[PDB]
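Q:
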Amino acid sequence: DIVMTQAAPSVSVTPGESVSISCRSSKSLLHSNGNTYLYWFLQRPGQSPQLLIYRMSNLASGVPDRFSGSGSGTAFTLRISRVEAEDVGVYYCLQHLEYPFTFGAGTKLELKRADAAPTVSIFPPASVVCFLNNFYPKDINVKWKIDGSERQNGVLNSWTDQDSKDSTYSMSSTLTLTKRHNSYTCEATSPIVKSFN
Amino acid sequence: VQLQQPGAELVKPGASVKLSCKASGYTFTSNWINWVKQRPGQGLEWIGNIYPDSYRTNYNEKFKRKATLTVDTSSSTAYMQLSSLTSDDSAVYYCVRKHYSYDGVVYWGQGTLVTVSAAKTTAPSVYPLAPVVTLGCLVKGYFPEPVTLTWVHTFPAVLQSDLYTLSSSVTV
Ligand SMILES: O=C(O)CCCC(=O)N[C@H](Cc1ccccc1)P(=O)(O)OCC(=O)NCCc1ccccc1
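Those protein sequence lines, which keep their order, are chains A and B. Using this note's numbering, the letters of the first sequence correspond one by one to residues 3 to 199. Using this note's numbering, the letters of the second sequence correspond one by one to residues -7 to 164.
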């Protein structure tokens, strides 16, 4: 079994700058015919994988020359030139020199951007939902309060992956209740707050 | 170049399932058809392939007694049968085409999400979410995944007791 290792589960880079992603194989991928059987795929948020680089460093149709590949025989590197917001996703290497074909564990690319505050929207009913959109960084908290009382139970949150246009993150928070109170408020991490009656 | 695959398949544990991949927009017998597994939030795994021209097959040992690849050349359709499913079998399965000769020609289908459980189908129950600008939509109480939504930010489905709840927002 040829093992493929991508040691970094993720890597952070500032837009406009460059970054490289490593992949190592337990057996050389170079063949007698003089060709290296290594593939690099990118899987964007919510999409199926797609070819990026084949053989040494051949670029797939439509791939910006900003990408390029290199590497010895068991050591390979995928390098992206001037990282753009649209580059967010997980990069996978793959050998097809020997059966069974095998994938690297994948490396998530993350973008470092300017701090940003969330745009909050609250929506009444039998559940109350709140959106904390386009903020940065990813680590943000939400607080719920009913008639001033800070409710905790009955909340389920959900985050999106880094935005491909602006690199911000967004979150949704739902407060579910028994289909006898007046002030419903949603606030983040002066504070950013939204309520209704 | 097209590889159509059904959105999902709810399967009862112990039972088997047969997944389809309809090719179109290229010479079917000229490309190998590969199948790949991806568990929700995890990496990728090669299951096996088949070359429609000769009917030759290759199987990852791990799935030798689990999958069976067949191709119907008269319908440009490829198939993969998965036998006696367990919970571990719940994942998205992609058929992928790769030219027998040219190397830079690899193309991935949209994938089929297989859900292995005894539970029963349940359509959603969409909802409003109008400003007490940003409009919302609350798709609640469906099963299994996935659901489609178009008009933004459509958030990952959340599981609330054998039921998935999702929401999306629109900002004009
Ligand atoms: O050389 C051997 O003994 C066979 C090695 C496997 C093989 O035939 N690979 C072929 C290339 C090759 C040819 C000659 C020598 C080495 C490699 P191949 O890459 O065309 O294999 C056919 C195939 O179905 N490849 C799919 C690879 C792939 C898997 C998953 C997602 C995307 C792509």
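All residues carry an ideal CB built from backbone N, CA and C; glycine is no exception.
With a floor of 3 residues, list each beta strand (DSSP E) that falls wholly inside the region 78 to 154 of chain A, ordered by position along the chain.
A: Runs of the beta strand (DSSP E) inside the region 78 to 154 of chain A: 91 to 97, 109 to 113, 121 to 125, 129 to 137, 145 to 148.
Q: With three or more C-beta pairs closer than 8 Å as the rule, is the region 29 to 48 of chain A touching the region 94 to 111 of chain A?
A: Contact holds: three or more Cβ-Cβ distances are below 8 Å.
Q: Can you tell me which of the three DSSP states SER160/A falls into?
A: Three-state result, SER160/A: strand.
Q: Nearest-angstrom Cα distance between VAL124/B and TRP146/A?
A: Between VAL124/B and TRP146/A, the C-alpha separation is close to 17 Å.
Q: Chain D beta carbons: is any one of them nearer than 7 Å to that of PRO148/B?
A: Of the protein chains in the structure, A and B, none is chain D.
Q: Just to confirm before moving on: does the CB-CB distance between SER82/B and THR107/B stay below 7 Å?
A: Cβ atoms of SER82/B and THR107/B: closer than 7 Å.
Q: Rounded to whole angstroms, what's the CA-CA distance from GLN(-4)/B to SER68/B? Just pull it up for me.
A: Spanning the two alpha carbons is a distance of roughly 11 Å.
Q: For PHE125/A, which residues in chain B fall below 7 Å Cβ to Cβ?
A: The answer, in chain order, is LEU121, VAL124, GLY128.
Q: Short of 7 Å Cβ to Cβ, which residues in the region 25 to 56 of chain B face chain A?
A: For the region 25 to 56 of chain B, which is checked against every Cβ of chain A, the residues closer than 7 Å are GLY35, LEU36, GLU37, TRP38, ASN50, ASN52, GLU53.
Q: Taking the continuous beta strand (DSSP E) assigned at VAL3/B, which residues delimit it?
A: Run containing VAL3/B: 0 to 3, per the beta strand (DSSP E) assignment.
Q: Does the distance from the C-beta atom of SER22/A to that of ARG68/A stay below 7 Å?
A: No.
Q: Helix, strand or coil, according to DSSP, for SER22/B in the structure here?
A: Helix, per DSSP.
Q: Near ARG153/A, what residues of its chain come up, given a Cβ to Cβ distance below 7 Å and the 5 sequence neighbours on each side ignored?
A: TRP146, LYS147, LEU177, listed in sequence order.
Q: My understanding is that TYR92/B touches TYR43/B, with C-beta atoms under 8 Å, so please give their C-beta distance in whole angstroms.
A: So it is a contact: roughly 7 Å between Cβ atoms.
Q: If we require 3 or more residues per run, which beta strand (DSSP E) segments fall completely within the region 16 to 75 of chain B?
A: Within the region 16 to 75 of chain B, the complete beta strand (DSSP E) runs of at least 3 residues are 23 to 30, 37 to 43, 48 to 51, 59 to 64, 69 to 74.
Q: Candidates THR76/A, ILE55/A, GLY64/A, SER63/A: which alpha carbon is nearest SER70/A's?
A: Ranking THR76/A, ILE55/A, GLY64/A, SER63/A by Cα distance to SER70/A puts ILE55/A first.
Q: Just to confirm, is the Cβ distance from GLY91/A to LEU44/A under 7 Å?
A: Going by C-beta atoms, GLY91/A is nearer than 7 Å to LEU44/A.
Q: Where does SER79/B sit, in a helix, a strand or coil, going by DSSP?
A: Looking at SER79/B - three-state DSSP - the assignment turns out to be helix.
Q: Would you kindly check if the distance between the Cβ of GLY103/B and the Cβ of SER50/A is under 7 Å?
A: The answer is yes: Cβ separation under 7 Å.
Q: Following the continuous beta strand (DSSP E) through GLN52/A, name the residue where it begins and the one where it ends.
A: 52 to 56 is the span of the beta strand (DSSP E), which, as asked, contains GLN52/A.
Q: Answer yes or no: do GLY96/B and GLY108/A have a C-beta to C-beta separation smaller than 7 Å?
A: Their beta carbons are not under 7 Å apart, which means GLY96/B does not touch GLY108/A by this criterion.
Q: Say whether chain B places a C-beta atom closer than 7 Å to the C-beta of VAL131/A.
A: Yes, because at least one Cβ of chain B sits closer than 7 Å to the Cβ of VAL131/A.
Q: Under 7 Å, Cβ to Cβ, is there at least one residue of chain A near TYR86/B?
A: Taking Cβ atoms only, chain A reaches closer than 7 Å to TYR86/B, which makes this a yes.
Q: Can you tell me where the beta strand (DSSP E) with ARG26/A in it begins and where it stops?
A: 21 to 27 is the span of the beta strand (DSSP E), which, as asked, contains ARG26/A.
Q: Taking the beta carbon of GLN164/A as the centre, do at least 16 other beta carbons fall within 10 Å, making it buried, or is it exposed?
A: By the 10 Å Cβ count, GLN164/A comes out buried.
Q: For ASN60/A, which residues in chain B fall below 9 Å Cβ to Cβ?
A: Neighbours of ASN60/A on chain B, chain order: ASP95, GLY96.
Q: Between the region 140 to 149 of chain B and the region 113 to 132 of chain A, do three or more beta carbon pairs fall short of 8 Å?
A: Contact between the region 140 to 149 of chain B and the region 113 to 132 of chain A is absent, because fewer than three Cβ pairs lie under 8 Å.
Q: Going by DSSP, what residue range makes up the beta strand (DSSP E) through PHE198/A?
A: Run containing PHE198/A: 195 to 198, per the beta strand (DSSP E) assignment.
Q: Looking at chain A, is there any beta carbon in it that lies within less than 7 Å of the beta carbon of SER16/B?
A: So, not an interface residue.
Q: Alpha carbons only, please: which of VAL150/B, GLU1/B, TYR85/B is nearest the one belonging to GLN30/B?
A: When each option's Cα is compared against that of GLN30/B, the closest is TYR85/B.
Q: Can the beta-carbon of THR60/B be found less than 7 Å from the beta-carbon of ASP45/B?
A: Not a contact, by the Cβ cut-off of 7 Å.
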